[PDB]
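> Structure below; questions to follow.
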Amino acid sequence: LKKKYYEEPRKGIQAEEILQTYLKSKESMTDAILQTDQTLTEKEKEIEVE
Amino acid sequence: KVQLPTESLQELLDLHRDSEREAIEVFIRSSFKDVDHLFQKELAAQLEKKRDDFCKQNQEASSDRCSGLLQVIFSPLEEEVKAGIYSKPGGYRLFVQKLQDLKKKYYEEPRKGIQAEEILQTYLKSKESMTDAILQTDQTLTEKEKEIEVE
C-alpha cells in the first residue's frame, strides 16, 4: 500500500511528511497485532507440545 | 489583549468587536468626504481579514498546544503498550481504565482552547486499532489460560 501511494500522481510537496505522520500513527496498531500474533503462536506451540 | 490560544471563540470575538469599534471611531475622527464610503469599506474589509487571520491562528495554536499536551499525557501509555504491559488476561480492562484516567487528566489541564475536544477525539480514534489489538491478545491469552486449566 505504501508502494501504491508512491505511484499516485499530484501529491505535491507534503507527500513524504503526511505519509510518515500516518505511518507513525499506526505503530501502536502494528505492535498490538505483533503481541496478538506472539501470544497466539505461543498458545499453538503449547497446544502442539501438550 | 489577545493571548493565544484563547479558551473560547466568544472571548476572541468580543475583543475583536471592541478593538474594531475603537478603530472605526479613530477613522471617523480623522476622515471626511468619503465618497461612496469607499475608504470605510476598505477599512471594514481590512478588519474582516484580520478577524479571519486571528481566528485561524487561534485554531492552529489551540490544535498545536492540545496535540503536544496529548503527546505528553498519553506518551507513557503508548510506551507501556509497546512494552507489552497490557498483553495479559484482563489487560484490555486495565488499558481502558488507564485511558479514562489520562483523559480525565487532559480535561484538568488549562489553556487548551477551542480545539480541545476535536483534537482529543481525533487522537482517541487513532488509538482504536491499538485498543482492539490489546483486546484480541487478552481474549487469546484468556482462552489459552482457560484451556491450560481445563487440561
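Every chain in the C-alpha cells takes a letter, A first, then B, and so on in the order presented; its residues are numbered from 1, and the ligands are numbered from 1 following the presented order.
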List the spatial neighbours of residue 15 in chain A as a list in words - criterion: any atom at most 12 Å away, only C-alpha atoms, same-chain residues fewer than 6 positions off excluded.

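Residues meeting the cut-off are residues 2, 5, 6, 7, 8, 9, 21 and 22 of chain A.
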
> Residues of chain A within 10 Å of chain B, counting only C-alpha atoms - could you list those as a JSON list (two decimals) with N, CA and C atoms, in the first residue's frame?


[["chain", "number", "residue", "atom", "x", "y", "z"],
["A", 22, "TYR", "N", 1.23, 9.57, 9.11],
["A", 22, "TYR", "CA", 0.29, 8.47, 9.06],
["A", 22, "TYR", "C", 0.89, 7.15, 9.52],
["A", 25, "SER", "N", 1.36, 7.07, 13.24],
["A", 25, "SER", "CA", 0.07, 6.93, 13.91],
["A", 25, "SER", "C", -0.43, 5.49, 13.98],
["A", 26, "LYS", "N", 0.12, 4.59, 13.14],
["A", 26, "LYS", "CA", -0.27, 3.20, 13.08],
["A", 26, "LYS", "C", 0.72, 2.25, 13.73],
["A", 27, "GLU", "N", 1.82, 2.75, 14.34],
["A", 27, "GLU", "CA", 2.80, 1.94, 15.05],
["A", 27, "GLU", "C", 2.18, 1.14, 16.19],
["A", 28, "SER", "N", 1.29, 1.77, 16.98],
["A", 28, "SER", "CA", 0.56, 1.12, 18.06],
["A", 28, "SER", "C", -0.32, -0.04, 17.62],
["A", 29, "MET", "N", -0.99, 0.10, 16.46],
["A", 29, "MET", "CA", -1.76, -0.95, 15.82],
["A", 29, "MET", "C", -0.89, -2.12, 15.38],
["A", 30, "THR", "N", 0.28, -1.82, 14.78],
["A", 30, "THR", "CA", 1.31, -2.78, 14.39],
["A", 30, "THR", "C", 1.81, -3.61, 15.56],
["A", 31, "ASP", "N", 2.14, -2.94, 16.68],
["A", 31, "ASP", "CA", 2.57, -3.54, 17.92],
["A", 31, "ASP", "C", 1.51, -4.41, 18.58],
["A", 32, "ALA", "N", 0.24, -3.97, 18.59],
["A", 32, "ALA", "CA", -0.87, -4.76, 19.07],
["A", 32, "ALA", "C", -1.08, -6.04, 18.27],
["A", 33, "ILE", "N", -0.99, -5.98, 16.92],
["A", 33, "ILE", "CA", -1.02, -7.16, 16.06],
["A", 33, "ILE", "C", 0.14, -8.10, 16.35],
["A", 34, "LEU", "N", 1.37, -7.56, 16.56],
["A", 34, "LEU", "CA", 2.54, -8.34, 16.94],
["A", 34, "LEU", "C", 2.40, -9.09, 18.26],
["A", 35, "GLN", "N", 1.90, -8.41, 19.31],
["A", 35, "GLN", "CA", 1.62, -9.03, 20.60],
["A", 35, "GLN", "C", 0.58, -10.13, 20.50],
["A", 36, "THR", "N", -0.51, -9.89, 19.75],
["A", 36, "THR", "CA", -1.54, -10.89, 19.48],
["A", 36, "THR", "C", -1.02, -12.10, 18.72],
["A", 37, "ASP", "N", -0.20, -11.91, 17.66],
["A", 37, "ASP", "CA", 0.47, -12.96, 16.90],
["A", 37, "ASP", "C", 1.37, -13.80, 17.80],
["A", 38, "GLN", "N", 2.25, -13.16, 18.61],
["A", 38, "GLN", "CA", 3.15, -13.85, 19.52],
["A", 38, "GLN", "C", 2.44, -14.69, 20.55],
["A", 39, "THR", "N", 1.39, -14.13, 21.18],
["A", 39, "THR", "CA", 0.52, -14.81, 22.12],
["A", 39, "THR", "C", -0.20, -15.99, 21.50],
["A", 40, "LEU", "N", -0.77, -15.85, 20.29],
["A", 40, "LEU", "CA", -1.38, -16.96, 19.58],
["A", 40, "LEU", "C", -0.40, -18.04, 19.14],
["A", 42, "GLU", "N", 2.58, -18.71, 20.59],
["A", 42, "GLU", "CA", 2.94, -19.41, 21.82],
["A", 42, "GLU", "C", 1.87, -20.39, 22.27],
["A", 43, "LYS", "N", 0.57, -19.99, 22.24],
["A", 43, "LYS", "CA", -0.55, -20.86, 22.54],
["A", 43, "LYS", "C", -0.63, -22.08, 21.63],
["A", 44, "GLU", "N", -0.44, -21.90, 20.30],
["A", 44, "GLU", "CA", -0.35, -23.02, 19.36],
["A", 44, "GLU", "C", 0.81, -23.94, 19.67],
["A", 46, "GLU", "N", 2.29, -24.39, 22.69],
["A", 46, "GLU", "CA", 1.88, -25.12, 23.88],
["A", 46, "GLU", "C", 0.89, -26.23, 23.57],
["A", 47, "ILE", "N", -0.15, -25.97, 22.74],
["A", 47, "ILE", "CA", -1.11, -26.97, 22.29],
["A", 47, "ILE", "C", -0.45, -28.14, 21.58],
["A", 50, "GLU", "N", 1.67, -30.08, 24.29],
["A", 50, "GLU", "CA", 0.72, -30.84, 25.08],
["A", 50, "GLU", "C", 0.17, -32.05, 24.35]]

> I'd like the contact shell of residue 24 in chain B - 12 Å cut-off, only C-alpha atoms, skipping same-chain residues fewer than 5 positions apart - returned as a compact mmCIF listing (two decimals) with N, CA and C atoms, in the first residue's frame.


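Written output follows (around_38.txt):
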# COMPACT_ATOMS: atom_id res chain seq x y z
N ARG B 17 -14.44 42.80 18.34
CA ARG B 17 -15.51 43.77 18.20
C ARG B 17 -15.24 45.08 18.92
N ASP B 18 -14.72 45.02 20.17
CA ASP B 18 -14.32 46.21 20.90
C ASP B 18 -13.21 46.99 20.21
N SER B 19 -12.12 46.30 19.80
CA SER B 19 -11.00 46.89 19.08
C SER B 19 -11.39 47.44 17.71
N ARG B 29 -13.03 60.12 13.29
CA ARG B 29 -12.43 61.34 13.77
C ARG B 29 -11.35 61.93 12.86
N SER B 30 -10.78 61.15 11.92
CA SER B 30 -9.71 61.60 11.05
C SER B 30 -10.08 61.55 9.58
N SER B 31 -11.34 61.21 9.22
CA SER B 31 -11.82 61.16 7.85
C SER B 31 -12.85 62.22 7.54
N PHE B 39 -13.38 54.39 1.48
CA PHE B 39 -12.36 54.18 2.49
C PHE B 39 -12.89 53.42 3.69
N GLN B 40 -14.13 53.72 4.12
CA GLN B 40 -14.78 52.96 5.17
C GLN B 40 -15.00 51.48 4.84
N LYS B 41 -15.40 51.17 3.59
CA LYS B 41 -15.46 49.82 3.07
C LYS B 41 -14.11 49.13 3.01
N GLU B 42 -13.05 49.85 2.60
CA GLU B 42 -11.69 49.35 2.64
C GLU B 42 -11.26 48.98 4.05
N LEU B 43 -11.53 49.86 5.04
CA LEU B 43 -11.28 49.60 6.45
C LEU B 43 -12.05 48.40 6.99
N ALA B 44 -13.35 48.27 6.67
CA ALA B 44 -14.17 47.13 7.03
C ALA B 44 -13.67 45.81 6.46
N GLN B 46 -10.43 45.25 5.56
CA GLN B 46 -9.20 45.01 6.29
C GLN B 46 -9.41 44.44 7.69
N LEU B 47 -10.40 44.96 8.44
CA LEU B 47 -10.80 44.46 9.74
C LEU B 47 -11.39 43.06 9.72

> So how far away is CA of residue 69 in chain B from CA of residue 95 in chain B, in Å?

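Pair CA of residue 95 in chain B / CA of residue 69 in chain B returns 19.4 Å.
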
> Quick check for you: according to DSSP on this backbone, which residues of chain A are classed as helix (DSSP H, G or I)? Reply as a ChimeraX atom specification.

/A:2-7,15-25,27-49

> Restricting it to N, CA, C and O atoms, dump the selection as a compact mmCIF listing (two decimals), in the first residue's frame.


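Done, and the output landed in result34.txt:
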# COMPACT_ATOMS: atom_id res chain seq x y z
N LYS A 2 1.99 1.32 0.68
CA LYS A 2 2.95 2.40 0.53
C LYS A 2 3.46 2.54 -0.89
O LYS A 2 3.54 3.65 -1.42
N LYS A 3 3.79 1.41 -1.54
CA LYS A 3 4.17 1.38 -2.94
C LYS A 3 3.05 1.92 -3.83
O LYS A 3 3.31 2.76 -4.68
N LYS A 4 1.78 1.56 -3.57
CA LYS A 4 0.65 2.14 -4.27
C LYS A 4 0.52 3.66 -4.09
O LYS A 4 0.31 4.40 -5.04
N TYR A 5 0.69 4.18 -2.85
CA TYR A 5 0.67 5.60 -2.55
C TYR A 5 1.75 6.40 -3.29
O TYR A 5 1.53 7.50 -3.80
N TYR A 6 2.97 5.84 -3.38
CA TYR A 6 4.04 6.43 -4.16
C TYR A 6 3.73 6.56 -5.65
O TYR A 6 4.10 7.57 -6.24
N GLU A 7 3.02 5.59 -6.26
CA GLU A 7 2.63 5.58 -7.66
C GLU A 7 1.60 6.64 -8.04
O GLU A 7 1.56 7.11 -9.17
N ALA A 15 3.91 15.07 0.42
CA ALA A 15 3.73 13.64 0.22
C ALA A 15 4.44 12.75 1.24
O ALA A 15 3.84 11.88 1.86
N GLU A 16 5.74 12.99 1.47
CA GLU A 16 6.51 12.22 2.43
C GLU A 16 6.11 12.49 3.87
O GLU A 16 5.87 11.57 4.66
N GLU A 17 5.95 13.77 4.25
CA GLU A 17 5.64 14.20 5.60
C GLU A 17 4.31 13.68 6.10
O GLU A 17 4.19 13.14 7.20
N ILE A 18 3.26 13.75 5.26
CA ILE A 18 1.95 13.19 5.56
C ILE A 18 1.97 11.68 5.69
O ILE A 18 1.40 11.12 6.63
N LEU A 19 2.68 10.96 4.79
CA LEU A 19 2.84 9.52 4.88
C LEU A 19 3.57 9.08 6.14
O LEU A 19 3.11 8.18 6.84
N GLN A 20 4.69 9.73 6.51
CA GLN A 20 5.41 9.43 7.74
C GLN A 20 4.60 9.66 9.00
O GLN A 20 4.57 8.83 9.91
N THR A 21 3.84 10.78 9.06
CA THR A 21 2.88 11.09 10.12
C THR A 21 1.78 10.05 10.25
O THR A 21 1.43 9.63 11.35
N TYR A 22 1.23 9.57 9.11
CA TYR A 22 0.29 8.47 9.06
C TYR A 22 0.89 7.15 9.52
O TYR A 22 0.28 6.44 10.31
N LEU A 23 2.09 6.77 9.07
CA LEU A 23 2.70 5.51 9.47
C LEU A 23 3.04 5.43 10.94
O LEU A 23 2.79 4.41 11.59
N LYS A 24 3.54 6.54 11.49
CA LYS A 24 3.78 6.72 12.91
C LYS A 24 2.52 6.59 13.76
O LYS A 24 2.52 6.04 14.85
N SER A 25 1.36 7.07 13.24
CA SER A 25 0.07 6.93 13.91
C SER A 25 -0.43 5.49 13.98
O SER A 25 -1.29 5.16 14.80
N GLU A 27 1.82 2.75 14.34
CA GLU A 27 2.80 1.94 15.05
C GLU A 27 2.18 1.14 16.19
O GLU A 27 2.40 -0.06 16.34
N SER A 28 1.29 1.77 16.98
CA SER A 28 0.56 1.12 18.06
C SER A 28 -0.32 -0.04 17.62
O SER A 28 -0.40 -1.08 18.28
N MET A 29 -0.99 0.10 16.46
CA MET A 29 -1.76 -0.95 15.82
C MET A 29 -0.89 -2.12 15.38
O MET A 29 -1.23 -3.28 15.61
N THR A 30 0.28 -1.82 14.78
CA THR A 30 1.31 -2.78 14.39
C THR A 30 1.81 -3.61 15.56
O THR A 30 1.87 -4.84 15.49
N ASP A 31 2.14 -2.94 16.68
CA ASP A 31 2.57 -3.54 17.92
C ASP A 31 1.51 -4.41 18.58
O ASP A 31 1.79 -5.52 19.04
N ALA A 32 0.24 -3.97 18.59
CA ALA A 32 -0.87 -4.76 19.07
C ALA A 32 -1.08 -6.04 18.27
O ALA A 32 -1.27 -7.12 18.83
N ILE A 33 -0.99 -5.98 16.92
CA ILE A 33 -1.02 -7.16 16.06
C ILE A 33 0.14 -8.10 16.35
O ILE A 33 -0.05 -9.31 16.45
N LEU A 34 1.37 -7.56 16.56
CA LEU A 34 2.54 -8.34 16.94
C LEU A 34 2.40 -9.09 18.26
O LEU A 34 2.70 -10.28 18.35
N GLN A 35 1.90 -8.41 19.31
CA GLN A 35 1.62 -9.03 20.60
C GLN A 35 0.58 -10.13 20.50
O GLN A 35 0.75 -11.23 21.03
N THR A 36 -0.51 -9.89 19.75
CA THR A 36 -1.54 -10.89 19.48
C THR A 36 -1.02 -12.10 18.72
O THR A 36 -1.30 -13.23 19.12
N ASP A 37 -0.20 -11.91 17.66
CA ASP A 37 0.47 -12.96 16.90
C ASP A 37 1.37 -13.80 17.80
O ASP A 37 1.23 -15.02 17.87
N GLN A 38 2.25 -13.16 18.61
CA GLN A 38 3.15 -13.85 19.52
C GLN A 38 2.44 -14.69 20.55
O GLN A 38 2.75 -15.87 20.73
N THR A 39 1.39 -14.13 21.18
CA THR A 39 0.52 -14.81 22.12
C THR A 39 -0.20 -15.99 21.50
O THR A 39 -0.24 -17.08 22.07
N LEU A 40 -0.77 -15.85 20.29
CA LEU A 40 -1.38 -16.96 19.58
C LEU A 40 -0.40 -18.04 19.14
O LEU A 40 -0.67 -19.22 19.33
N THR A 41 0.77 -17.65 18.61
CA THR A 41 1.87 -18.56 18.23
C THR A 41 2.40 -19.35 19.41
O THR A 41 2.64 -20.55 19.32
N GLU A 42 2.58 -18.71 20.59
CA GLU A 42 2.94 -19.41 21.82
C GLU A 42 1.87 -20.39 22.27
O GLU A 42 2.17 -21.54 22.56
N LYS A 43 0.57 -19.99 22.24
CA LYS A 43 -0.55 -20.86 22.54
C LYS A 43 -0.63 -22.08 21.63
O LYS A 43 -0.81 -23.20 22.09
N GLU A 44 -0.44 -21.90 20.30
CA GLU A 44 -0.35 -23.02 19.36
C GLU A 44 0.81 -23.94 19.67
O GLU A 44 0.65 -25.16 19.72
N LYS A 45 1.99 -23.37 19.97
CA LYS A 45 3.14 -24.16 20.37
C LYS A 45 2.89 -24.98 21.63
O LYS A 45 3.18 -26.17 21.66
N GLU A 46 2.29 -24.39 22.69
CA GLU A 46 1.88 -25.12 23.88
C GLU A 46 0.89 -26.23 23.57
O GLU A 46 1.12 -27.37 23.96
N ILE A 47 -0.15 -25.97 22.74
CA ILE A 47 -1.11 -26.97 22.29
C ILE A 47 -0.45 -28.14 21.58
O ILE A 47 -0.73 -29.31 21.84
N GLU A 48 0.50 -27.87 20.66
CA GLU A 48 1.27 -28.90 20.00
C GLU A 48 2.17 -29.70 20.93
O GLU A 48 2.20 -30.93 20.85
N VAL A 49 2.87 -29.04 21.87
CA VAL A 49 3.68 -29.67 22.91
C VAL A 49 2.85 -30.56 23.83
O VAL A 49 3.21 -31.70 24.10

> To one decimal place in Å, what is the distance between CA of residue 16 in chain B and CA of residue 107 in chain B?

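Between CA of residue 16 in chain B and CA of residue 107 in chain B the gap works out to 27.4 Å.
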
> Would you mind reading off the distance between CA of residue 113 in chain B and CA of residue 49 in chain B, one decimal, in Å?

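Computed distance, CA of residue 113 in chain B to CA of residue 49 in chain B, equals 21.5 Å.
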
> Please determine, counting only C-alpha atoms, which residue among B:102, B:58, B:26, B:53 has the shortest atom-to-atom distance to residue 8 in chain B.

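Of all the options, B:58 lies closest to residue 8 in chain B.
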